[PDB]
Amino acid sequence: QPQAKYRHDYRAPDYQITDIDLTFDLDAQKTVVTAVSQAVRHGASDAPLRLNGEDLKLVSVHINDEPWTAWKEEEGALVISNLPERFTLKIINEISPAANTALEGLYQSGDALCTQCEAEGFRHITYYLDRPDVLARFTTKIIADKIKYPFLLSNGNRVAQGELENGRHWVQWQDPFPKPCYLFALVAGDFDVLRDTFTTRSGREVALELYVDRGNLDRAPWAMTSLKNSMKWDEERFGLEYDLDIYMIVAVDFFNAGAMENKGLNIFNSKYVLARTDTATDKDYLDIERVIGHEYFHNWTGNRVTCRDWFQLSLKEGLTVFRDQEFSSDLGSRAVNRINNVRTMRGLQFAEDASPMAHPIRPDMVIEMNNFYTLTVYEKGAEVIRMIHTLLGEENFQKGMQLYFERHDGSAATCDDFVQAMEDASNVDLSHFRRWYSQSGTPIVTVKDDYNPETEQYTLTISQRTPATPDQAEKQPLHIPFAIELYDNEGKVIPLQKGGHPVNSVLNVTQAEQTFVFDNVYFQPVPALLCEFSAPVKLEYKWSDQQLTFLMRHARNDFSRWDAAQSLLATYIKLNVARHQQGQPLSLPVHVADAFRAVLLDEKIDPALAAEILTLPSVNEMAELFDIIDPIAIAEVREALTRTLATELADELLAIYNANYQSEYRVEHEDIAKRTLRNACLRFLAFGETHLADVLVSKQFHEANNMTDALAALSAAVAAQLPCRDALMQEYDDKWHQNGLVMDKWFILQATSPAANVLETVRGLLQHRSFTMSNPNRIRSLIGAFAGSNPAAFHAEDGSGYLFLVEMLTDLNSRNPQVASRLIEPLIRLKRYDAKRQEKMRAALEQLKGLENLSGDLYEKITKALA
């Protein structure tokens, strides 16, 4: 029942706050906050100051040290009337970190106290202008028990400290950069601290401090290393240096999201900090690197230039995601990064864009802004930034970055400001391109071709449309950069030209329908279309199998080779799902299996690329091939396809598995790539002849000298239901039960198991010694993984998965609505399923709609879903 807010309602605030002096008298049960703000009236003389506040106990209100009588509290607010044009506001209020189970505001993480203020959490700390176009200079004094909280941290530099009576002490911090309150942070606790330094290119020496729970210093150096790598890369690639003297990171165990870019004092979920080779996989290492980079990158794209309002979230997030992908891609394998980001787009983001929650990357309407930290705003947002990069090229794109910062450094900006900077600096016209900000849904691009041997011309007829979405009945054509390459019979690229002039290979597809003609095409080409996934679109082209296997062999970009393989598999995934619905077993032409045999035996192919080709689309990517999802058929077909390839390629699989053995473990990209290939081979081998598979898998688990290899073996034992499974699963538990992060991997394998009794096991794990409903990571690794990553069990025909999720959400709605709203997502996809499943999913949603004290977070999603 809160009301929707609308982007078109934006208005400049009636009051600004320029400076705020905060004091916290910290205690888990009762913290007392004193906030002295210097305010200035911009609006009308008679306009009251309206402060946001949630669950605060107001103690006093003074204006220039006069106790104020002209105020009132209303729902979510303190409204203060009859004010001068400039004045000092002082508010004292109380809060209770220990009661804060939602983990928004000031809360408790184990024995630590920490904050999360984005999007609107600072209002849970004191009454404030909790909107990101109000930027203020903060000073923060923190008073606490010295033994319990020996480290008292906030943004910026320490400027004062003292000791008090009765075992208390205090520290005061000042951050010279004006900031919106969402970037405020405070941490209090007892930590081990890893300290290091980075010297910027101009010579600024930056102290780096990573704070971790006592005992975890053995797991901190990789995050420190990645922080230095991120700082170096931002200098080399974007020309950006860190702007303060200290960079602090705190790893906390209780955190709803991944991490948070609070200026000078980032707060991280420990999953994105803590690694050592026996606890963390290669993928953990690269996610640490990604996320460390991402928060660092926000220092410019988010902090030095922030968001005018929350509808502009993608201005920081699309651009910072783009930056983290570029970082990862530059340091590591660009092809593997691009592949993975495309898998995410097509299999997860396209599903959101086809859901009741569909929105443009710059939303128009929001009820609960924490619901809009989405695949769309992030991943599609980054694809839009990448399109700009495609249209401008690197040099002009960097000119646009520089112009963006020159204009907006020190302020809150809009998506439109950013696009204008890019357009003005490059002289590329982005007026049509802007529609990508305002239109939801995934465009479908249909391509037909014609080769004319009399004129040696090749013609592409390209059409686009975006189907209506629930949020938008009106859709219009976009400016779609559509990259192509044309290949002759020997696999060489044909120069693109027309009328004697070269033609850019990025075509501008701007109309509902258009034709493009290329001259001097001396041989009928095989096209590579939408190269490097040049726009976030569904491609419709009538490929032959042979065109696709030809691209798998000859395409110049590794991405195109993988993508061609995906298009080849899509045909046969669809075929086999229809078969499955008719009771018929898997059918695959011999020449398809041969294409994958060729990948395995090709000596020149990068193993990173080979590994991706040999990784089948996930059940989520497979679901996107279909209008109506049959999750049981998809799961069974994926397995049958794995078993068919395991049998047909058994000898080649074992040979490549053995050839990529590595005795040394290194977190190095060539090594990672070999190991990904070897483990991609193991997945198939696990589905071969049982006794061979069992031996191979058990052996890898017991001989692994690193968690990447041990987990790959354990996961294969679960997936193929091998005899060794229960023993290996018990061993892992017995060894790792005290380590939450490591047990998350195990809860995911339990939740995603193909066993017939998976729900009964998942329910039993609610009582496991390593599980707790108080920890978001545990919740997501057991309950989220079941609902979101085991659609076949979640969607069991008896409706048991939906009932289970309802029960869990009934708890989480009151305990932690943000995590609840993450976990409801699979139920809101009901219209993609068959009538009988829809009926049960609607019944489940209607039960949740009637919960007493329904959170705004759930209410928004439930009302869209039931419409």
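Start at 1 with the first residue shown and count on from there.
J.: Identify the stretch, either 129-137 or 640-648, whose C-alpha atoms have the larger mean B-factor according to the entry.
T.: According to the entry, 640-648 carries the higher average C-alpha B-factor.
J.: Quick one: say whether 750-758 or 224-232 has the higher mean Cα B-factor in the deposited entry.
T.: So the stretch with the higher mean C-alpha B-factor is 750-758.
J.: Whose CA atom has the top B-factor in the entry, of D519, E120, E209, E368?
T.: Of the options given, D519 has the highest CA B-factor in the PDB entry.
J.: Just to confirm, going by the entry's C-alpha B-factors, which of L391, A185, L692, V273 comes out highest?
T.: Max CA B-factor in the entry, restricted to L391, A185, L692, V273: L692.
J.: For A47, return the chain-relative third of its C-alpha B-factor as stated in the PDB record: lowest, middle or highest.
T.: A47: CA B-factor falls in the highest third of its chain.
J.: So where's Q582 on the chain's Cα temperature factor ranking, which third?
T.: It belongs to the highest third of the chain when residues are ordered by C-alpha B-factor.
J.: Thinking about Cα B factors across the chain, which third does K5 belong to?
T.: Highest third.
J.: Lowest, middle or highest third of the chain for the C-alpha temperature factor of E485?
T.: As the PDB entry reports it, the C-alpha B-factor of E485 lands in the middle third of its chain.
J.: Lowest, middle or highest third of the chain for the C-alpha temperature factor of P180?
T.: It falls in the bottom third of the chain.
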